[PDB]
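For reference, the structure discussed in these notes is given below.
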Amino acid sequence: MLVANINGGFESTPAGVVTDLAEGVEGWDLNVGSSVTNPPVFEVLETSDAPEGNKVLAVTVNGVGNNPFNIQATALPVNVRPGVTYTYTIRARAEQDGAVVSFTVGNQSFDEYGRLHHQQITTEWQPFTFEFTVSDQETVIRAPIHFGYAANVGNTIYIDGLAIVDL
Ligand SMILES: O[C@@H]1[C@@H](O)[C@H](O[C@@H]2CO[C@@H](O[C@@H]3CO[C@@H](O[C@@H]4CO[C@@H](O[C@@H]5CO[C@@H](O)[C@H](O)[C@H]5O)[C@H](O)[C@H]4O)[C@H](O)[C@H]3O)[C@H](O)[C@H]2O)OC[C@H]1O
Ligand SMILES: [Ca+2]
Ligand SMILES: [Ca+2]
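The numbering used here puts the last residue of the sequence shown at 169; the count rises by one with no breaks.
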């Protein structure tokens, strides 16, 4: 397979709670803003339920901040070419009903090329997919997933199998 992103299925990362948010997960930047006074738990889980490989990322939300991105997992680097159109695909589910996630892609100036907005995550694995075009001259971009929605408090959201593919 060919993908723009790195370690899209967390298969590179040792199982366990992630405390090193910026660099503990190859291919990813995890970020919790200081406005999040009850911080989440990020965990790489080894599980037979994994859509891809043996591992998933789990995000347990115990509170939120001011903006959905104050709890986020961002794929970086994402290696792309100007003008090219890409397909984004990921799988997600949640421990409980009611979860909300936005799946986005943007440049280092935080301008979004596209997103899936307030996706309704269920207790069953589902694919979430969209297309975007790199409409500027960037070659290295990023893919922020936003979890800091108030509706997610008391839930755990699981993601796996991020694949950004040359359409
Ligand atoms: O520590 C640092 C981090 O702070 C930094 O995080 C990045 C900050 O920038 C973030 O990007 C912003 C995300 O919010 C976007 O605005 C959204 C766009 O979507 C609008 O919703 C639309 C509603 O209609 C739908 O049809 C449509 O699909 C939706 O888009 C929504 O109302 C807006 O609020 C801003 O445009 C972005 O700039 C980025 O995600 C973070 O990763 O990262 C660096 C780190 O050092
Ligand atoms: Ca996986
Ligand atoms: Ca990183």
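The beta-carbon is built from N, C-alpha and C at its ideal position, and this holds for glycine as well.
Spell out the partners DSSP gives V103 in its beta bridges.
Against the sequence shown, residue 103 aligns to sequence position 101. Answer is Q121.
Could you give the first and the last residue of the continuous beta strand (DSSP E) run that contains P53?
Here the question's residue 53 lines up with position 51 in the sequence shown. Where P53 is concerned, there is no enclosing beta strand (DSSP E), given that its DSSP letter is neither H nor E.
What residue range is occupied by the uninterrupted beta strand (DSSP E) comprising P129?
Within the sequence shown, residue 129 is the residue found at index 127, counting from 1. Here the beta strand (DSSP E) through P129 covers 128-135.
Kindly list the residues whose CB is nearer than 6 Å to the CB of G55, restricted to its own chain and excluding five residues on each side of it in sequence; keep chain order.
One-based indexing of the sequence shown puts residue 55 at position 53. Contacts found: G11, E13.
For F44, verify whether its CB is less than 8 Å away from any heavy atom of ligand 2.
Locating residue 44 in the sequence shown gives position 42, where the first residue counts as 1. Checking every heavy atom of ligand 2 against the Cβ of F44, none is found closer than 8 Å.
Buried or exposed, going by whether 16 or more other CB atoms sit within 10 Å of the CB of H148?
In the sequence shown, residue 148 corresponds to position 146, counting from 1. Label assigned to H148: buried.
Sorry if obvious, but does the Cβ on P146 come closer than 8 Å to a heavy atom of ligand 1?
Locating residue 146 in the sequence shown gives position 144, counting from the first residue. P146 Cβ: within cutoff of ligand 1.
Assign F149 to one of three DSSP states: helix, strand, or coil.
The residue you call residue 149 lines up with position 147 of the sequence shown. Here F149 sits in coil by DSSP.
With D168 as the anchor, note down where its beta strand (DSSP E) starts and where it stops.
Here residue 168 is taken as the residue at index 166 of the sequence shown, counted from 1. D168 -> beta strand (DSSP E) spans 157-168.
Can we count residue 1 as close to ligand 3, meaning its CB is less than 8 Å from some heavy atom?
In the structure as shown, the chain starts at 3 and stops at 169, and residue 1 therefore has no counterpart that could be examined.
With distances taken between CB atoms, is the gap from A96 to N40 smaller than 9 Å?
Mapped onto the sequence shown, residue 96 falls at position 94. Mapped onto the sequence shown, residue 40 falls at position 38. No, these two residues do not count as a Cβ contact at 9 Å.
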